[PDB]
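Peer 1: Here it is: the structure, laid out below.
Please treat every number below as a calculation from the coordinates, not as lab data. All Cβ positions, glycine included, derive from the backbone under ideal geometry; neighbour counts span all protein chains shown.
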Amino acid sequence: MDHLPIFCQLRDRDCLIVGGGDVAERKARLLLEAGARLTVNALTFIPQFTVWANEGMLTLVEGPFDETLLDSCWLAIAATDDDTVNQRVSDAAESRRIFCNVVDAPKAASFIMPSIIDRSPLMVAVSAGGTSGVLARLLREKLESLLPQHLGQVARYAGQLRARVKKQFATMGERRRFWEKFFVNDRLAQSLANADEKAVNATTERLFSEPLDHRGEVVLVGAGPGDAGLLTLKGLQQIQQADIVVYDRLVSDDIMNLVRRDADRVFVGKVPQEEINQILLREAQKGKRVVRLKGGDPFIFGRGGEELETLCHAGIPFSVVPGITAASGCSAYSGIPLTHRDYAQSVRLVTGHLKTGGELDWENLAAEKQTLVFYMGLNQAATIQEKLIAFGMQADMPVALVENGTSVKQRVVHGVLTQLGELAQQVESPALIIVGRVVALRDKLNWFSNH
Amino acid sequence: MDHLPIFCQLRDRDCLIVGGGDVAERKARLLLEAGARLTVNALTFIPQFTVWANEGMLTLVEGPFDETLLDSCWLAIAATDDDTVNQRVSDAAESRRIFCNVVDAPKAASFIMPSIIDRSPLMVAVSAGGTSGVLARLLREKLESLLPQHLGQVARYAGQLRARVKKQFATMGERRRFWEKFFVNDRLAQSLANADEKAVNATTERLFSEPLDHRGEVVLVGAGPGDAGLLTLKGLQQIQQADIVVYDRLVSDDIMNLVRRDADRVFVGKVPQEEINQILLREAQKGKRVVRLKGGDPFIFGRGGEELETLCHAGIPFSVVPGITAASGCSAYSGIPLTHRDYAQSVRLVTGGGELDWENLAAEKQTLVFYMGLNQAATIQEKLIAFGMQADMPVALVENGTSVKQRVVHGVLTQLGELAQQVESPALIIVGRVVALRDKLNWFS
Ligand SMILES: Nc1ncnc2c1ncn2[C@@H]1O[C@H](CSCC[C@H](N)C(=O)O)[C@@H](O)[C@H]1O
Ligand SMILES: Nc1ncnc2c1ncn2[C@@H]1O[C@H](CSCC[C@H](N)C(=O)O)[C@@H](O)[C@H]1O
């Protein structure tokens, strides 16, 4: 990230503003609302500063910039129209390892002053890095049209109850479950807004009275095929609240960037499923919200049922969040719909990597008016070409291979069935093989890109 | 306002973390990502720190907290389990006027770390006071769901173009209206993400050349099978930016309640397909962002392809957001995995204007999933038995899969016909050995 947002406690900390015009005024206002001990150093001051100075809210130092005025400061702001002065200020601040904002020069400073949405104690800060004030001036408006009006009063009440919640609930999990119920009680929000303390307290006492479930849970979450935007809403909720997210190589890096930062991430890509099961098992037996994050959909060649049968055996709760399976994601992002008109009346999702014993039912797979989708079939692509041809599928059946479907690295190669073995040599795992007439739709429906 | 949020440029700035456990590793990850020149000081280090240190990404100092390690720091983080140490760090940073965070005591020092939505250079930070973090999580999660993850590339490119937009749009209102189109333009965002420097320029000139009123494009969005939680993030993001949403009855009311309040809504449910197609281009050529919301996934028995063909020949930009098809939705919510071990080598999604292959449908080691097959269900039981499928083959009908009205009836194929009329549209018929797994995997209840 370009910047690290921090929320500074400025009470009783010296800050210096250099400059005395309307810009310094706006910054001085913010720093005063944060309770900073403020010194303003400028040649001239607009009348608001003398008003603030007369009320003892800051110190004016009339004159050119005084480097020494930084010696005890925690923040500095150069807010003059003189870029030469502003650089002297920045330089002085740098030597003293003081964070410094140059208002007219966001990239030149150290810190940047974001747009603020004040719903004290709830604070939301927005900045497009100062390079684009428009989006800050605009996303701030969007967020302001997002946060409920009385979110501050709910958050204020939450702060008043924090001590009591910490006393009555020993573990982080319990407190989290209380907070979850607390923040979605609409009646409580409204009783807070109405200053209806009878109602506040009734709802509150019942809240604390509720037994909390202490069981861990394992949620199987379909990551989707790679594009972070194809995680479902519920899947995002699950990984934004997980304590442990167990994931493999088929969960994209962009999906993993939506896993809350406080989650423990456990990589189980290359292991024996018997050890995965017990990793899920052990962490859920510890009471934690465990997410098994899997590429695609958990129940399509996912080994997902296998983990769950052991959790069920161990009395561990679990749910499943479906995901966009590789077939749907590749379909949408390659412009190859899995069904169309009468191109295809059925879709077959088939594994290539089959159990050591036995092979596929190739006569069955060679049936017309199907779209075939082979999962992990790359190494068997030649065998699939051979078999499909040999059980009667037309030699010129369009085939497409989608590598890293839905990601920026998506690559599509396509051709006819007789090219399948050769096409698969051009892509790598992870790749889907689509066989069927719908592949010819790519040329009218491809909206994504060409690698 | 009890905290001043500031966004720190930490690249090449000495920052100190004290602690070497899981908490410190999370702060250290964050500070590494922000570019901090990082020293970590701890009695011991979990192996992730020795990995980062071998890679020269930070400096480890093993042993008691050394106050002099702060001598040139900009930021300090007390990330130990030891209150005594954290206060030693906090006091030593306070005396040196180094902003300092005590992870487990947000009121104990000079800054707290907010929840971050990172879309660099666009960043949103939310905090309401630390330790628990639920309110911040709820806002963060909601914002994570509303801010496309590439939006930072859009924001970066905007700052480059800021000079060009002014010397074309004279009034700030015009500039403002331009910027609103700019930041929601899908093809710009996907071109930037895909590094397609061709499609960027094309999309930029189109944004500068086409009228400030035109934003005409159709997005095919898969609503998923019913549960509003099964909409994708992109789907949510698309229906929030829609000027007009075209939907039918297979899009749940819950999905429809996610729709931007000022959007026009066009119901095309019970309407032959040609009139729907016409509606979509008719709206897209009026310069409006059109979302066609379709139940499940748009490209699975949705006629999604046919809608886009009308548009592609008309020069109207479009995209497709895939959805949770009924099969996978119902599978997850009925505890019937479509595949499992050696039960089924393949899954077949099949509909209920031609013919249907029965001996093919009857073959072993498949999971059959019939869409729109409730009317043809008596035939289904007859034909599959008549083509060799064993009598005891488990069958299930899943009606209103993933909704709070979901009903699952299950038995064997020999009861399938009677099980069918016991259920109404919209419903899937699932046939296969995986159906028996519902006893141990049914969690939806
Ligand atoms: N992004 C992607 N692009 C193409 N194929 C993918 C893919 N992600 C997963 N796959 C396919 O899925 C196989 C793994 S099997 C697990 C698939 C997952 N459960 C799903 O529902 O999609 C890989 O061998 C590959 O064929
Ligand atoms: N919630 C649901 N539960 C069970 N079946 C559903 C369903 N929603 C849609 N269907 C099935 O889908 C059929 C319409 S065909 C449209 C399917 C959609 N494009 C998808 O991908 O799921 C219905 O007849 C019904 O059998």
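Peer 1: Could you list A:409, A:288 in order of exposure, starting from the residue whose Cβ has the fewest other Cβ atoms within 10 Å?
Peer 2: Details: A:409 12, A:288 19.
Placing the least packed residue first, the sequence is A:409, A:288.
Peer 1: Can I ask one more? How much of the pair distance distribution for segment B:115-263 lies past 27 Å, counting alpha-carbon pairs only, in percent?
Peer 2: Values: 3746 of 11026 pairs.
I get 34 percent for the Cα pairs in segment B:115-263 exceeding 27 Å.
Peer 1: Which Cα, out of B:316, B:296, B:259, lies furthest along the positive dipole direction of segment B:216-324 (beta carbon charges, K/R +1, D/E -1)?
Peer 2: Most positive-ward Cα: B:259.
Peer 1: Oh, and also: If you plug each phi of segment A:280-293 into the Karplus form 6.51 cos²θ - 1.76 cosθ + 1.60 with θ = phi - 60°, what whole-Hz ³J(HN,Hα) values come out, in order, with x for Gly and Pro?
Peer 2: Here the 3J(HN,Hα) series is 3, 4, 5, 5, 6, 4, 7, x, 8, 6, 9, 10, 8, 8 Hz.
Peer 1: Along the charge dipole of segment B:1-113, which of B:3, B:41, B:103 sits closest to the positive end, that is, farthest toward it, with unit charges on the beta carbon of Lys, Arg, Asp and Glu (+1, +1, -1, -1)?
Peer 2: Towards the positive end, the residue furthest out is B:3.
Peer 1: Separate question: How fast does segment A:385-451 diffuse by Stokes-Einstein, in µm²/s, taking the Kirkwood radius from C-alpha pairs at 10 °C and 1.306 mPa s? Show your work: numbers first, answer last.
Peer 2: Details: Rh = 12.3 Å.
My calculation gives 129 µm²/s for D.
Peer 1: Could you work out the relative contact order of segment B:1-113? I mean the mean sequence separation of Cα pairs under 8 Å and 6+ apart, divided by the number of residues, in percent.
Peer 2: Working: 212 pairs, mean separation 27.7, N = 113.
It comes to 24 percent, rounded to a whole number.
Peer 1: Arrange B:306, B:283, A:210 by Cβ neighbour counts within 10 Å, fewest through most, would you? If you can, show how the numbers build up before the last one.
Peer 2: On the way: B:306 15, B:283 21, A:210 10.
With the sparsest Cβ surroundings first, the list reads A:210, B:306, B:283.
Peer 1: Could you compute the net charge surrounding residue B:47? Neighbours are other residues with a C-beta less than 12 Å from the C-beta of residue B:47; K and R count +1, D and E count -1.
Peer 2: Values: positive: none; negative: B:22, B:25.
Summing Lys and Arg as +1 and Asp and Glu as -1 gives -2.
Peer 1: Sorted by average packing, counted as other Cβ atoms within 10 angstrom per residue and highest first, what order do B:430-443, A:150-163 take? Display every interim value, and only then the final one.
Peer 2: Numbers: B:430-443: 20.8, A:150-163: 17.2.
Ranking the peptides B:430-443, A:150-163 by packing returns B:430-443, A:150-163.
Peer 1: Write down Rg/Rh for chain A, rounded to two decimals, with Rg from the C-alpha atoms and Rh from the Kirkwood relation over Cα pairs. Let's see the in-between values first.
Peer 2: Values: Rg = 30.1 Å, Rh = 27.0 Å.
Rg divided by Rh gives 1.12.
Peer 1: Counting only other chains, and only Cβ atoms inside 10 Å, what mean value do you get across the residues of B:314-325?
Peer 2: Working: counts 0, 0, 0, 1, 2, 4, 9, 6, 15, 5, 12, 8.
That works out to 5 on average.
Peer 1: What is the average number of partner chain Cβ atoms found within 10 Å of a Cβ in A:114-121? Mind showing how you got there, number by number?
Peer 2: Details: counts 7, 2, 5, 3, 3, 1, 4, 7.
That works out to 4 on average.
Peer 1: From Cα pairs below 8 angstrom and at least 6 apart in sequence, can you work out the relative contact order of segment A:330-445, rounded to a whole percent? Write out the running numbers ahead of the final one.
Peer 2: Numbers: 233 pairs, mean separation 39.2, N = 116.
It rounds to 34 percent for segment A:330-445.
Peer 1: Would you compute, for the Cα atoms of segment B:1-113, the largest minus smallest coordinate along each principal axis and list the three values in descending order, in whole Å?
Peer 2: Extents along the principal axes, in whole Å: 41, 30, 24.
Peer 1: Given the C-alpha centroids of segment B:179-217 and segment A:307-357, what is the distance between them in whole angstrom?
Peer 2: Their Cα centres are 34 Å away from one another.
Peer 1: Taking amide hydrogens as modeled 1.01 Å from N in the peptide plane, which residues meet the under 5 Å criterion relative to residue A:302, leaving out close sequence neighbours?
Peer 2: For residue A:302, whose amide H was placed from the backbone, there are no distant partners under 5 Å.
Peer 1: Now, a different point. At 25 °C and a viscosity of 0.890 mPa s, what translational diffusion coefficient does Stokes-Einstein give for the protein assembly as shown, taking Rh as the Kirkwood radius over Cα pairs? Give it in µm²/s as a whole number. If you can, show how the numbers build up before the last one.
Peer 2: Details: Rh = 29.6 Å.
The estimated diffusion coefficient comes to 83 µm²/s.
Peer 1: Chymotrypsin sites (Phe, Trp or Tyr not before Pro), restricted to segment B:358-432: which are DSSP loop and have at most 14 other Cβ atoms within 10 Å? Could you put the intermediate results ahead of the total?
Peer 2: Numbers: sites: B:358, B:370, B:371, B:387; in loops: B:387.
Sites meeting the loop and neighbour criteria: B:387.
Peer 1: Give the dimensionless ratio obtained when the Cα radius of gyration of segment A:151-209 is divided by 2.2 N^0.38 Å.
Peer 2: On the way: Rg = 10.9 Å, N = 59, 2.2 N^0.38 = 10.4 Å.
Ratio of Cα Rg to 2.2 N^0.38 Å: 1.05.
Peer 1: Could you derive backbone 3J(HN,Hα) for segment B:346-351 from the dihedral phi with the Karplus parameters 6.51, -1.76 and 1.60 (θ = phi - 60°), listing whole Hz in sequence and x where the residue is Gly or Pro?
Peer 2: 8, 10, 10, 8, 9, 9
Peer 1: Return the long-range amide H neighbours of residue A:216 (sequence gap of 5 or more, or a different chain), with a cut-off of under 5 Å between placed amide H atoms.
Peer 2: A:287, A:288
Peer 1: Could you state the number of Å between the C-alpha centres of segment A:70-121 and segment B:399-432?
Peer 2: What the calculation gives is 66 Å, centre to centre.
Peer 1: Using only the alpha-carbon atoms of segment A:330-445 as identical scatterers, what base-10 log of I(q)/I(0) does the Debye formula give at q = 0.09 Å⁻¹?
Peer 2: Normalising to I(0) and taking log10 leaves -0.20.
Peer 1: A further question on this structure: Checking the table A:369/B:270; B:142/B:181; A:142/B:181 against a 20 Å threshold on Cα-Cα, which pairs fail? Can you show the working numbers first?
Peer 2: On the way: A:369/B:270 28 Å; B:142/B:181 22 Å; A:142/B:181 14 Å.
Violating the 20 Å Cα-Cα cut-off are A:369/B:270; B:142/B:181.
Peer 1: So for segment B:216-324, Kirkwood radius off the Cα pairs, Stokes-Einstein at 37 °C and 0.692 mPa s: how many µm² s⁻¹?
Peer 2: Working: Rh = 13.2 Å.
Estimated via Stokes-Einstein, D reaches 248 µm²/s.
Peer 1: Also, I was wondering about something else. Choose one of B:374, B:384, B:280: the residue whose Cα lies farthest towards the positive end of the charge dipole of chain B (beta-carbon charges +1 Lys, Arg; -1 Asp, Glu; about the Cα centre).
Peer 2: B:280
Peer 1: Moving on. Using the per-residue mean of other Cβ atoms lying within 10 Å as a proxy for protection, in what order, highest first, do the peptides B:191-200, A:294-303 fall? Write down the numbers at each step before the final one.
Peer 2: On the way: B:191-200: 17.4, A:294-303: 27.4.
So the peptides B:191-200, A:294-303, ranked by packing, come out A:294-303, B:191-200.
Peer 1: Determine the sum of side-chain charges near residue B:94: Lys and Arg each +1, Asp and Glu each -1, restricted to other residues whose C-beta is under 15 angstrom from that of residue B:94.
Peer 2: Working: positive: A:11, A:13, A:37, A:97, B:88, B:96, B:97, B:107; negative: A:12, A:14, B:67, B:71, B:91.
Result for the neighbourhood of residue B:94: +3.
Peer 1: When the helices in chain A are scored as -39500 (n - 2.57) per DSSP H run of 4 or longer and the sum is shared across all residues, what 222 nm value do you end up with, to the nearest 500 deg cm²/dmol?
Peer 2: Theoretical 222 nm ellipticity from helices: -10500 deg cm²/dmol.
Peer 1: Cα-Cα over 27 Å: which of A:288/B:365; A:387/A:409; A:286/B:440? Provide the component values of the computation, followed by the final result.
Peer 2: Numbers: A:288/B:365 37 Å; A:387/A:409 30 Å; A:286/B:440 22 Å.
In this structure, A:288/B:365; A:387/A:409 lie more than 27 Å apart at Cα.
Peer 1: Same structure, new question: Explain nothing, just compute: Karplus ³J(HN,Hα) = 6.51 cos²θ - 1.76 cosθ + 1.60, θ = phi - 60°, for every residue of segment B:246-257 in order, whole Hz, x for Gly and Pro.
Peer 2: 9, 9, 9, 5, 6, 8, 5, 4, 5, 4, 4, 6
Peer 1: Also: Using modelled amide H (1.01 Å from N, peptide plane; none on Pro or chain starts), what sits under 5 Å from the amide H of residue B:41, excluding residues fewer than 5 places away?
Peer 2: Close amide H contacts, sequence-distant or interchain: B:17, B:18, B:19, B:61.
Peer 1: With +1 assigned to the C-beta of every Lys and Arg and -1 to the C-beta of every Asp and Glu, and no other charges, what is the dipole magnitude of segment B:327-441 about the Cα centre in debye, to the nearest 20? Don't skip to the answer; put the middle values down first.
Peer 2: Values: 9 positive and 11 negative charges, 87 e Å.
My answer is approximately 420 debye.
Peer 1: Please compute the average number of Cβ atoms from other chains found within 10 Å of each residue's Cβ in peptide B:9-17.
Peer 2: Numbers: counts 14, 8, 4, 0, 5, 1, 1, 0, 0.
That average works out to 4.
Peer 1: Kindly put A:376, B:372 in sequence by how many other C-beta atoms sit within 10 Å of each C-beta, fewest to most.
Peer 2: Values: A:376 19, B:372 16.
Neighbour counts put them in this order, fewest first: B:372, A:376.
Peer 1: Also: Counting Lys +1, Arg +1, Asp -1, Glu -1, what net charge surrounds residue A:80 among other residues with beta carbon under 11 Å of its beta carbon?
Peer 2: Values: positive: A:88; negative: A:81, A:82, A:83, A:104.
Surrounding charge for residue A:80 is -3.
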